[PDB]
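Colleague: Let me give you the structure first, and then I'll get to my questions.
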Amino acid sequence: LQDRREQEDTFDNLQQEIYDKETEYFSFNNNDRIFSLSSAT
Amino acid sequence: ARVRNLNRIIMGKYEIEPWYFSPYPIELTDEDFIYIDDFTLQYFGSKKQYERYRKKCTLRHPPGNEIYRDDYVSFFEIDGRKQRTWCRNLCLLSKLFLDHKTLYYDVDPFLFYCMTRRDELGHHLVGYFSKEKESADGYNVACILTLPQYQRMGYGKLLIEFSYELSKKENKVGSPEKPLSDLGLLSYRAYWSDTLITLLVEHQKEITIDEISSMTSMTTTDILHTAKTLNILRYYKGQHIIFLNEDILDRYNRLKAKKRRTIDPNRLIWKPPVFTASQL
Amino acid sequence: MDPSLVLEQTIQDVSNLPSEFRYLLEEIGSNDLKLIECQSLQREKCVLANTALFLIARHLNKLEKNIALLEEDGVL
Amino acid sequence: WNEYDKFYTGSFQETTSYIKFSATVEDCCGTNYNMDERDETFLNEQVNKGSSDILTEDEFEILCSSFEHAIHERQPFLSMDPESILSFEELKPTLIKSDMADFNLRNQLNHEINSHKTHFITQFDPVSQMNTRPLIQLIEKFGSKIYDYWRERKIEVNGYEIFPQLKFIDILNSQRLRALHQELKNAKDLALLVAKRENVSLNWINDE
Amino acid sequence: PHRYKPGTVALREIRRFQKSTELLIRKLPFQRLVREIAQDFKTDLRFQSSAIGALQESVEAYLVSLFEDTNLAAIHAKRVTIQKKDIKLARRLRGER
Amino acid sequence: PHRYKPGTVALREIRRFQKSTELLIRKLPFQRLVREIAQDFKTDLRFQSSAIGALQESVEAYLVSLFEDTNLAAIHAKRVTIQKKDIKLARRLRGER
Amino acid sequence: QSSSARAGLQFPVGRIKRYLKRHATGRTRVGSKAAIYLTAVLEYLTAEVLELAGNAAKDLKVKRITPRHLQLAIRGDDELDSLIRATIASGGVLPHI
Amino acid sequence: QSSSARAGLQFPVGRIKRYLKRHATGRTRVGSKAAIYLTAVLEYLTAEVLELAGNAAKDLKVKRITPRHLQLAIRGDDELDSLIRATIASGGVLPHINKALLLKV
Amino acid sequence: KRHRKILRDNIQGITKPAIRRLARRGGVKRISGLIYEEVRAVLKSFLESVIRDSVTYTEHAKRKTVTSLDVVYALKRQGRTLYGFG
Amino acid sequence: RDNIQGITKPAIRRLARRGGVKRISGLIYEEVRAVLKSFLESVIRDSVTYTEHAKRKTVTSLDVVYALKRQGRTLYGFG
Amino acid sequence: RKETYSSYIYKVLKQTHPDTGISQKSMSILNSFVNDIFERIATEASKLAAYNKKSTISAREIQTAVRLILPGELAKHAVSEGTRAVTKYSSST
Amino acid sequence: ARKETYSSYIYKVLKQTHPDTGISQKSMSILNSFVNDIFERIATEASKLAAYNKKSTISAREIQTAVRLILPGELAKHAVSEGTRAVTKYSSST
DNA sequence: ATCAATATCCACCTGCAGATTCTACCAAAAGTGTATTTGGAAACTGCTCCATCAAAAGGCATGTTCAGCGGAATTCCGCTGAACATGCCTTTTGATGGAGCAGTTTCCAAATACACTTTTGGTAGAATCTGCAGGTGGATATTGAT
DNA sequence: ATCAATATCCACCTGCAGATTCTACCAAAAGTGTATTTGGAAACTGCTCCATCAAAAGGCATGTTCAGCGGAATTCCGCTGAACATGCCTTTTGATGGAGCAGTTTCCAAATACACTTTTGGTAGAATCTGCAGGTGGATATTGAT
């Protein structure tokens, strides 16, 4: 089990909860903020 | 004891017989040897360790942000607040080189810019010039000195024609003081000779004097010093502010060799926005 | 005094540091070029990745000792 | 002018935009130690007789640093006193907490990952820092062999040391000062985009 | 509260400020100015408040004279406003030396 | 029997009169002017030769000063001519009445 | 009896006497014939208070406070050519647009 | 026998000291240390006449006579203001032409 | 030690646009801008030209304050006397 | 009778062109006569009261050069 | 010095129209006027009596001075009141 | 028949700097009027400040501040310098 | 571009006004010791006055946006200076008279000093009160989108 | 044309603030009276510079053509008055430090004044060369026709 299935399915969504704390600037418009973190792939 | 301390000192890649005395740590004088390497700058006197005790660290590059880069030499920026110690010893690297200015007061309130050779492994310093924070007495630069291994290929000059660029990259004029110069007496004169003739070839004339300070940031109190360092650049203002001329131009035809010591005016900002009102 | 002079000085040692979220990506954005096409230099991606917060952790020495100096006055 | 290549090992890679960098000395240079030459080769004089376990050249250079961090940091008022510090078995509380080359402010958030070989590797200590061995265990393993040499080392100069030195309102302003902590974890967790790649990426071949 | 033509509240302001008699540049930044253009000449001197008062009325008389003759220059130039060229013209044939 | 370009002989006229230095007005109509303008204050004066000499170089100095500053006001007015209005306005803003 | 007040001019002829002596340099000053002067400082100082009877004729308010004093000197053209050199304190400008 | 020109000066000490006694709004004047002033005019009549023959040789007339004085007594930048209130007799006006008139029309 | 007293030797040449009040004390209408920098320069020039010979009067007088009397004498000989204020 | 017309338009044409003018508009002549008579009367009045003081009923060069030294237009050369 | 022209300009304002009132700083204004015009006439009168190689000051050179430094109509009224008061001093010994 | 000018002194100072010179008497009068009225200028302003500084002996240091005060800058600096060396070399009365 | 037509730069020629030495002379002063009388250099110590410094109230300085108009460019289009040239008009020159300028000697008169009183004008203790500056509501111009 | 809310002038009451008029010390200059001194007033004498007065020529005067030129107009556009919402730093009144002014007092270097006594810098003639002012003339630099 440690060789077959774990290696991506536990890694498919960890990279996409950034999109609730890139919104930490609101609480300038900068909605499409692609400065630092959106292009790390 | 204003003479050089001991009989042989290497500075990284080459030995330098130093010029003057520095406030070096005194207790290393009874053994006959002092040596010092490039990027740690922590002082020793015997090669018994840094033959492989520079496996203390893998520092290849100083923490100055390399703010220009070219085909041949780069340079960077140190402030005295984000670092406290190796910013300090670079002066004591060369207080044995510099003739007058030494430390009693701590060297923190000065920004510190240092010129540097590209290298195959880690890029090595050649010069240093020291801008203060804002408006000491004008005086846009301070102590400027090049490492004595590496002069006469013309690299000691292009950093005193970087120095005037960060004055109208902040949009106020500036110029050095007197303090003393017989060691480089004609050197800043050489650039202040050709800082004007290389950019008096375009004017569509009837041009005044003070806009030169607005365009080359070389001030009003020394344009006339350079208008008399070389030939007659007057006999026209007689009821108003000074006027400048041109002549037979045996200068720009000699401006094809000894011209390429330039900079590409294309890189980053240099404003310190904070105040840090210093008192001690 | 304990609020006043101790206010802002934890930002100019971070005035060099907006650079952490601008040090990092274009050399991870240049080593993705190394895996888009056997594990020779593929080890060293993490050893510059783990240095992300490492000085911010050294700032976390300071940016939680300054919070730990909330009680230096009787009000805060 | 031939001493170059014994201390000129290393590698180099060029820039991508500009070489931006920021550090201090004591987090770039790493360690803090210092030796003589007459303790380099003949303080370990007859260690050839009885070198069952570890005896190399480059393993005793780290623990020569850590003990003198007690004096200049934990007792700063100790400026000239010859009756200076407690003995090696009496300074046992000075090993559970210390600051040797700023260790525990470097080793406080280091166990949340547990990399498969071993955890934290920095680019700001040199290349060979693992079998450069952990001093977690070597106080109670070979800690006593360096103490009595140190216990006579400092007292010939007793108060300064023989290596060189340096001769002679609340409202509406401090509120973003705690709002610079919503970066509480947001750098390493998306360093953990790919810092969970490596514990299983390194070993794909072991079907064969 | 609809706005009238652009200009007449400025002209009522010039008649107000002309018929009035107060001092116009605010005093303590001007005191800071005369200090920190004074101590560059020689190090720390002190003042007394009547002397800096005389400074500010002297300089306001001088540059209101400079503005009145550059206004006559601007009305000479078949223009209604002032520029840089008429102000250094007016200071020029004033003979500032 | 050759007409030059208009105004280009004016520039060599001004170079010719500017390089030379001698007293350019002629002396005895000026001497009669100064005598029967001195007559009004008390009659029957007489003069000295160096005195009337001082009068004529004084008046060509003051006249050449007023001509250069009215010329500079004229070229301020984007205008290569001098007229009544610019000589009297330059007369005003150099101060005297 | 008292040398000023017998003489019908009431400024002190005694105090004007040594002020010539402490200042002038021909080292003897005529005694009685400095009186002929300080007539004039009476006659001038009348001639800036006596046409400062304008305010008591038009400016309605009786004790004369120093912006009133800017309605006689430069503004009244007969006195202008004796006081260009003086710029009075806190007075202002006579109104004109 | 040195007649009080012995501070390296060559102007009459006696007549300047009698002239300060002549002007003399005050009473007394320091007969030894009034030497300070007539050396001070030795600067700016020489630094007036050293720039006189500074370019009087550029016109190649060896006895220097009244016009070339003004051709840089009022063109020398800082000796202008010490002589601005003077208009010296028959010494000419500097050669100056504004370049708005020279436009090749 | 202390060795130097506080100095705010910085950009004080920005006074205010009260030049847009004292312009309107003069008879001038709308002002067209971009003149504020050289009118601040000329205010700096005239102020330094009066304060430096005033402080030569003070340092001659063996004092190290200025007073109203020597500054009104300073601008009196400078060419225009401030009048009735000392 | 009048003699302020004794100075003529080539003469003040020359006196203007010494300053550096190109064009001369054809009615500046009468007021340049006016400004010359104004300056000339303002100097000869204090010159004549200088000579009326000293009991010599002629002027000299010394009192007119002292008169120009009075009124802010100090001539040199002749005194 | 420790001196003024205060009470004299009080009394001259009282010998003209008695209604108005001298104010605080206006006495300094008028004092500066009278001291400045006196210093003016004194320096040109002394220089007049100097340059005519004469060795005292009299009535007549300060008469010519105050004629010399004024506009014309005010000079004529000034010299008239001057001659009037000096002859009224001369009437009685 | 007696009158005194500054002819021979100005002749000697400028032949002594520049030997290849000659002087017209009109230019010699122009320099005589120059030196005379700048003399009287220093005299009157020096005497005025020494008057109101509660003082009666016209000493050297007030004419030093006077020559600093009315002469323009750079020439005032060189002037006060050679005046300082002049009163230095006169104090040694050897 | 390619020459006619000016003309200024350079060089050489004599005439002459004139600067430069010179030098005697010489009346007039710098310059010399000798007391010397006092203004000044300096130093005492009291103390008025400047200088940092702060807390809260609030007018006012910065920024930003919008409407529009004054600046400016470019144009056509009468007109008045400039440029020659001839005609004349008073100049610029040398040559003979005559009232003031500039020395002198004496006559008296007015200012020095010096002191003896003595009114008077600066200072402040201090009444006083009214002449202002300021609010505040009652009559009257203010100059446009509609 | 026209009403629109805005800004302006005026009688009326109110705190406050510095004139202003004694009280009087009081200190100190000023009127007044001598004695003698040196400087101004007037008269003179004579040596001049100022006024005035005739015959060659260059610079004014009054012209006529023509083209650079100013003036008028008209439209286009950026950049400036005006408003409003908001930050900020003035903005006045205490408050303690602390010191540099300032009056006084003091002893002493030194500029005035004085008879003499020597050189020494004006001056006035005067040789006398010479520097340059003017003129003439040859060649390269400059400008307009085509």
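Chain labels run A, B, ... following the order of the structure tokens; each chain numbers its residues from 1, and ligands are numbered from 1 in the order shown.
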Hey, what's within 7 Å of range 49-60 of chain E if we count only C-alpha atoms (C1' of nucleotides) and toss same-chain stuff fewer than 2 positions away? As a list in words, please?
Modeller: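 Residues meeting the cut-off are residues 31, 47, 62, 63 and 64 of chain E; 89 of chain G; 67, 68, 71, 82 and 85 of chain I.
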Colleague: Neighbouring residues of residue 50 in chain B were defined as those with any atom within 12 Å, considering only C-alpha atoms (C1' of nucleotides); residues of the same chain fewer than 3 positions away were excluded. Please report them as a VMD selection string.
Modeller: (chain B and resid 12 35 to 38 40 to 47 53 to 57) or (chain D and resid 3 to 8 34 to 37)
Colleague: Write the residues of the preceding selection, restricted to N, CA and C atoms, as a short mmCIF file (atom, residue, chain, number, x, y, z; two decimals), in the first residue's frame.
Modeller:
data_model
loop_
_atom_site.label_atom_id
_atom_site.label_comp_id
_atom_site.auth_asym_id
_atom_site.auth_seq_id
_atom_site.Cartn_x
_atom_site.Cartn_y
_atom_site.Cartn_z
N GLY B 12 43.34 36.68 0.35
CA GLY B 12 42.72 35.69 -0.50
C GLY B 12 43.68 35.12 -1.52
N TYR B 35 47.59 36.49 8.06
CA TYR B 35 46.98 36.23 6.77
C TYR B 35 45.46 36.23 6.92
N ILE B 36 44.74 36.43 5.82
CA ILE B 36 43.30 36.65 5.86
C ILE B 36 42.68 36.32 4.51
N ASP B 37 41.53 35.64 4.54
CA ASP B 37 40.84 35.12 3.36
C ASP B 37 39.60 35.98 3.07
N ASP B 38 38.90 35.63 1.99
CA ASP B 38 38.14 36.55 1.16
C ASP B 38 36.76 36.91 1.68
N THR B 40 34.82 35.21 4.57
CA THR B 40 34.58 35.22 6.01
C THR B 40 35.10 36.50 6.65
N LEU B 41 36.29 36.93 6.23
CA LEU B 41 37.02 38.08 6.75
C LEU B 41 37.32 37.97 8.25
N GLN B 42 37.27 36.78 8.83
CA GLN B 42 37.64 36.64 10.23
C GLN B 42 39.13 36.35 10.35
N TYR B 43 39.78 37.12 11.21
CA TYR B 43 41.22 37.33 11.17
C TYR B 43 41.98 36.15 11.74
N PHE B 44 43.11 35.82 11.11
CA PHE B 44 44.02 34.82 11.66
C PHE B 44 45.45 35.26 11.39
N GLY B 45 46.40 34.44 11.84
CA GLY B 45 47.80 34.73 11.64
C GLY B 45 48.64 33.53 11.23
N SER B 46 48.02 32.36 11.18
CA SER B 46 48.73 31.14 10.84
C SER B 46 47.84 30.30 9.94
N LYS B 47 48.41 29.80 8.83
CA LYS B 47 47.66 28.98 7.88
C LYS B 47 47.39 27.57 8.40
N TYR B 53 39.92 24.86 7.25
CA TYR B 53 38.96 25.38 8.22
C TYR B 53 38.05 26.42 7.62
N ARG B 54 38.17 26.69 6.33
CA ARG B 54 37.08 27.34 5.63
C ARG B 54 36.04 26.34 5.18
N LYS B 55 36.13 25.09 5.66
CA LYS B 55 34.97 24.27 5.94
C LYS B 55 34.28 24.63 7.26
N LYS B 56 34.60 25.77 7.87
CA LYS B 56 33.60 26.40 8.72
C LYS B 56 32.33 26.72 7.97
N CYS B 57 32.44 27.23 6.74
CA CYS B 57 31.27 27.70 6.02
C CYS B 57 31.38 27.47 4.52
N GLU D 3 49.10 28.10 -2.36
CA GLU D 3 48.22 27.58 -1.31
C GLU D 3 46.77 27.51 -1.73
N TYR D 4 46.46 27.65 -3.02
CA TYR D 4 45.09 27.94 -3.44
C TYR D 4 44.18 26.73 -3.31
N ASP D 5 44.51 25.65 -4.01
CA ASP D 5 43.52 24.63 -4.27
C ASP D 5 43.30 23.69 -3.10
N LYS D 6 44.10 23.78 -2.03
CA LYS D 6 43.67 22.99 -0.88
C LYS D 6 42.51 23.66 -0.14
N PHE D 7 42.41 24.99 -0.18
CA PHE D 7 41.15 25.57 0.27
C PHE D 7 40.33 26.22 -0.84
N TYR D 8 40.38 25.68 -2.06
CA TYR D 8 39.52 26.16 -3.14
C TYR D 8 38.57 25.10 -3.67
N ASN D 34 37.32 27.34 17.25
CA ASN D 34 38.64 27.93 17.16
C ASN D 34 39.58 26.97 17.87
N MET D 35 40.77 26.80 17.30
CA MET D 35 41.76 25.89 17.86
C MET D 35 43.13 26.56 17.81
N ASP D 36 44.11 25.89 18.39
CA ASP D 36 45.51 26.13 18.11
C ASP D 36 45.96 25.12 17.06
N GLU D 37 47.27 25.04 16.84
CA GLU D 37 47.80 23.90 16.10
C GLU D 37 48.37 22.83 17.02
#
Colleague: Measure the distance from CA of residue 13 in chain H to CA of residue 61 in chain I in Å and round it to one decimal.
Modeller: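 About the pair CA of residue 13 in chain H and CA of residue 61 in chain I: they are 27.5 Å apart.
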Colleague: Check every residue of chain D for an atom within 10 Å of chain B, counting only C-alpha atoms, and provide those that qualify as a VMD selection string.
Modeller: chain D and resid 1 to 15 18 to 38 40 61 to 62 123 to 128 162 to 168
Colleague: I'd like the contact shell of residue 122 in chain D - 10 Å cut-off, only C-alpha atoms (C1' of nucleotides), skipping same-chain residues fewer than 6 positions apart - returned as a PyMOL selection string.
Modeller: (chain C and resi 46-51+54) or (chain D and resi 28+129)
Colleague: CA of residue 74 in chain F and CA of residue 75 in chain E are how many Å apart?
Modeller: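 CA of residue 75 in chain E lies 13.4 Å from CA of residue 74 in chain F.
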Colleague: Chain M near chain H within 12 Å: what's each residue's closest atom pair and its distance in Å to one decimal, counting only C-alpha atoms (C1' of nucleotides), ordered by chain then ascending residue number, as a tab-separated table?
Modeller:
residue	atom	partner	partner_atom	distance
M:18	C1'	H:63	CA	11.8
M:19	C1'	H:63	CA	9.1
M:20	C1'	H:63	CA	11.1
M:29	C1'	H:14	CA	9.2
M:30	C1'	H:14	CA	6.2
M:31	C1'	H:3	CA	7.7
M:32	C1'	H:3	CA	11.7
M:38	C1'	H:28	CA	11.7
M:39	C1'	H:28	CA	9.8
Colleague: List as a list in words the protein and nucleic acid residues near residue 74 in chain K, meaning an atom at most 10 Å away when only C-alpha atoms (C1' of nucleotides) are counted, but skip any in the same chain fewer than 4 places from it.
Modeller: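 Returned residues: residues 43, 44, 47, 78, 79 and 82 of chain G; 66, 67, 70, 78, 79 and 80 of chain K.
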Colleague: Let's have the selection written as an mmCIF file, in the first residue's frame, with N, CA, C and O atoms.
Modeller:
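Contents of the output file selection-v5.cif:
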data_model
loop_
_atom_site.group_PDB
_atom_site.id
_atom_site.type_symbol
_atom_site.label_atom_id
_atom_site.label_comp_id
_atom_site.auth_asym_id
_atom_site.auth_seq_id
_atom_site.Cartn_x
_atom_site.Cartn_y
_atom_site.Cartn_z
ATOM 1 N N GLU G 43 8.772 118.815 11.003
ATOM 2 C CA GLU G 43 7.937 119.059 9.842
ATOM 3 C C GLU G 43 7.700 117.788 9.053
ATOM 4 O O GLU G 43 6.661 117.670 8.400
ATOM 5 N N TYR G 44 8.607 116.812 9.127
ATOM 6 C CA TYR G 44 8.293 115.553 8.476
ATOM 7 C C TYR G 44 7.340 114.742 9.329
ATOM 8 O O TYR G 44 6.415 114.121 8.804
ATOM 9 N N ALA G 47 4.041 115.566 8.890
ATOM 10 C CA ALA G 47 3.620 115.142 7.568
ATOM 11 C C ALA G 47 3.630 113.631 7.385
ATOM 12 O O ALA G 47 3.743 113.174 6.248
ATOM 13 N N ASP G 78 3.678 111.559 -2.850
ATOM 14 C CA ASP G 78 4.606 112.592 -2.411
ATOM 15 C C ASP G 78 5.563 112.097 -1.339
ATOM 16 O O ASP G 78 6.676 112.620 -1.222
ATOM 17 N N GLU G 79 5.155 111.101 -0.563
ATOM 18 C CA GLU G 79 5.976 110.570 0.507
ATOM 19 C C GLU G 79 6.695 109.297 0.089
ATOM 20 O O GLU G 79 7.618 108.864 0.790
ATOM 21 N N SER G 82 10.595 109.152 -0.259
ATOM 22 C CA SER G 82 11.411 109.247 0.934
ATOM 23 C C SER G 82 11.409 107.966 1.743
ATOM 24 O O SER G 82 12.160 107.866 2.715
ATOM 25 N N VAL K 66 19.006 119.084 3.449
ATOM 26 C CA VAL K 66 17.604 118.715 3.477
ATOM 27 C C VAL K 66 16.901 119.185 2.220
ATOM 28 O O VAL K 66 15.839 118.661 1.882
ATOM 29 N N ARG K 67 17.473 120.144 1.497
ATOM 30 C CA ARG K 67 17.014 120.363 0.134
ATOM 31 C C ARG K 67 17.464 119.234 -0.775
ATOM 32 O O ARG K 67 16.721 118.818 -1.670
ATOM 33 N N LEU K 70 15.201 115.320 -0.646
ATOM 34 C CA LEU K 70 13.756 115.245 -0.518
ATOM 35 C C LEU K 70 13.091 115.433 -1.870
ATOM 36 O O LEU K 70 13.704 115.968 -2.800
ATOM 37 N N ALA K 78 9.546 122.103 3.979
ATOM 38 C CA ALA K 78 10.470 121.809 5.063
ATOM 39 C C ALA K 78 11.460 122.940 5.272
ATOM 40 O O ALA K 78 11.700 123.351 6.413
ATOM 41 N N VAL K 79 12.027 123.472 4.190
ATOM 42 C CA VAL K 79 13.005 124.539 4.345
ATOM 43 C C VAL K 79 12.318 125.829 4.768
ATOM 44 O O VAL K 79 12.915 126.644 5.481
ATOM 45 N N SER K 80 11.037 126.001 4.421
ATOM 46 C CA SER K 80 10.304 127.172 4.885
ATOM 47 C C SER K 80 10.088 127.118 6.391
ATOM 48 O O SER K 80 10.346 128.105 7.099
#
Colleague: Residues within 7 Å of residue 33 in chain F, please, as a list in words. Count only C-alpha atoms (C1' of nucleotides); anything in the same chain fewer than 3 positions from it doesn't count.
Modeller: residues 29, 30, 36 and 37 of chain F; 3 and 4 of chain J
Colleague: For the structure I just gave you, how does DSSP split chain K - specifically, which residues are alpha helix (DSSP H)? Reply as a PyMOL selection string.
Modeller: chain K and resi 6-15+26-51+59-68+72-91
Colleague: List the neighbours of residue 197 in chain D out to 12 Å using only C-alpha atoms (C1' of nucleotides); skip same-chain residues closer than 4 positions along the sequence, and give me the result as a list in words.
Modeller: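 Here the qualifying residues turn out to be residues 6, 7, 8, 10 and 11 of chain A; 42, 43, 45, 46 and 49 of chain C; 113, 115, 116, 190, 191, 192, 193, 201, 202, 203 and 204 of chain D.
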Colleague: Please provide the set of residues having any atom within 12 Å of residue 8 in chain E, restricted to only C-alpha atoms (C1' of nucleotides), with same-chain residues fewer than 6 positions apart removed, written as a compact mmCIF listing (two decimals) with N, CA and C atoms (P, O5', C5', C4', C3', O3' and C1' of nucleotides), in the first residue's frame.
Modeller:
# COMPACT_ATOMS: atom_id res chain seq x y z
N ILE E 14 -8.35 87.12 -3.39
CA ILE E 14 -7.22 88.04 -3.51
C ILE E 14 -7.60 89.40 -2.93
N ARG E 15 -8.88 89.79 -3.02
CA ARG E 15 -9.24 91.06 -2.39
C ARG E 15 -9.28 90.94 -0.88
N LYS I 29 -3.68 86.53 -10.21
CA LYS I 29 -4.76 85.58 -10.42
C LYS I 29 -4.20 84.17 -10.43
N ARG I 30 -4.92 83.26 -11.11
CA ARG I 30 -4.53 81.86 -11.30
C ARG I 30 -3.06 81.69 -11.66
P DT M 142 -22.85 93.53 -5.63
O5' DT M 142 -22.96 91.94 -5.61
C5' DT M 142 -22.43 91.19 -4.52
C4' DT M 142 -22.38 89.71 -4.85
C3' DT M 142 -22.45 89.37 -6.34
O3' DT M 142 -21.48 88.39 -6.66
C1' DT M 142 -24.12 88.19 -5.17
P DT M 143 -20.14 88.79 -7.44
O5' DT M 143 -20.18 87.92 -8.78
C5' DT M 143 -21.09 88.26 -9.83
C4' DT M 143 -21.87 87.04 -10.28
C3' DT M 143 -22.36 87.08 -11.73
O3' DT M 143 -22.24 85.79 -12.33
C1' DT M 143 -24.17 86.74 -10.30
P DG M 144 -22.11 85.62 -13.92
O5' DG M 144 -21.85 84.05 -14.13
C5' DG M 144 -22.87 83.22 -14.67
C4' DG M 144 -23.04 81.96 -13.83
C3' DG M 144 -23.91 80.88 -14.45
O3' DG M 144 -23.54 79.60 -13.93
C1' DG M 144 -25.05 81.92 -12.62
P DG N 81 -4.80 77.26 -10.35
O5' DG N 81 -6.32 77.49 -9.89
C5' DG N 81 -7.09 78.51 -10.51
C4' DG N 81 -8.59 78.26 -10.37
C3' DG N 81 -9.15 78.30 -8.96
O3' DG N 81 -10.46 78.81 -8.99
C1' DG N 81 -9.46 76.14 -9.88
P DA N 82 -11.16 79.30 -7.64
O5' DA N 82 -12.13 78.09 -7.27
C5' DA N 82 -12.81 77.42 -8.30
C4' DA N 82 -13.57 76.21 -7.77
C3' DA N 82 -13.78 76.17 -6.27
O3' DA N 82 -15.10 75.75 -6.00
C1' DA N 82 -12.71 74.20 -6.97
Colleague: Would you please give, as a VMD selection string, all residues of chain G that DSSP assigns to strand (DSSP E) based on the backbone?
Modeller: chain G and resid 63 to 64 86 to 88
Colleague: Go ahead and dump the residues you just picked, N, CA and C atoms, as a tab-separated table (two decimals), in the first residue's frame.
Modeller:
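Written output follows (selection-v5.tsv):
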chain	number	residue	atom	x	y	z
G	63	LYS	N	-8.22	104.99	17.74
G	63	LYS	CA	-6.80	104.90	18.08
G	63	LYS	C	-6.08	104.18	16.96
G	64	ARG	N	-5.02	104.80	16.46
G	64	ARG	CA	-4.51	104.46	15.14
G	64	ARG	C	-3.49	103.34	15.27
G	86	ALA	N	12.35	101.90	3.39
G	86	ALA	CA	11.69	101.30	4.55
G	86	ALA	C	10.53	100.41	4.11
G	87	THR	N	10.45	99.22	4.68
G	87	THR	CA	9.31	98.33	4.53
G	87	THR	C	8.64	98.17	5.89
G	88	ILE	N	7.42	98.69	6.01
G	88	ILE	CA	6.83	98.82	7.33
G	88	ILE	C	6.30	97.46	7.77
Colleague: Do me a favour and pick out the residues of chain G within 7 Å of chain K, using only C-alpha atoms, as JSON, numbers by chain.
Modeller: {"G": [7, 8, 9, 11, 20, 24, 25, 26, 28, 29, 30, 33, 34, 35, 36, 37, 39, 40, 41, 43, 49, 62, 63, 64, 65, 66, 81, 82]}
Colleague: Counting only C-alpha atoms, which residues of chain F fall within 12 Å of chain G, and what is the closest atom pair for each with its distance in Å at one decimal, ordered by chain and rising number, as a Markdown table?
Modeller:
| residue | atom | partner | partner_atom | distance |
| --- | --- | --- | --- | --- |
| F:95 | CA | G:84 | CA | 9.8 |
| F:96 | CA | G:81 | CA | 9.4 |
| F:97 | CA | G:81 | CA | 8.5 |
Colleague: Can you spit out the residues from that selection as a JSON list (two decimals), in the first residue's frame, using N, CA, C and O atoms?
Modeller:
[["chain", "number", "residue", "atom", "x", "y", "z"],
["F", 95, "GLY", "N", 12.30, 99.63, -11.06],
["F", 95, "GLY", "CA", 12.07, 100.29, -9.79],
["F", 95, "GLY", "C", 11.75, 101.77, -9.78],
["F", 95, "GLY", "O", 10.90, 102.20, -9.01],
["F", 96, "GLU", "N", 12.42, 102.55, -10.62],
["F", 96, "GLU", "CA", 12.41, 103.99, -10.43],
["F", 96, "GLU", "C", 11.20, 104.67, -11.05],
["F", 96, "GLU", "O", 10.70, 104.26, -12.11],
["F", 97, "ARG", "N", 10.69, 105.68, -10.35],
["F", 97, "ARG", "CA", 9.76, 106.66, -10.89],
["F", 97, "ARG", "C", 10.10, 108.05, -10.36],
["F", 97, "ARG", "O", 9.77, 108.39, -9.22]]
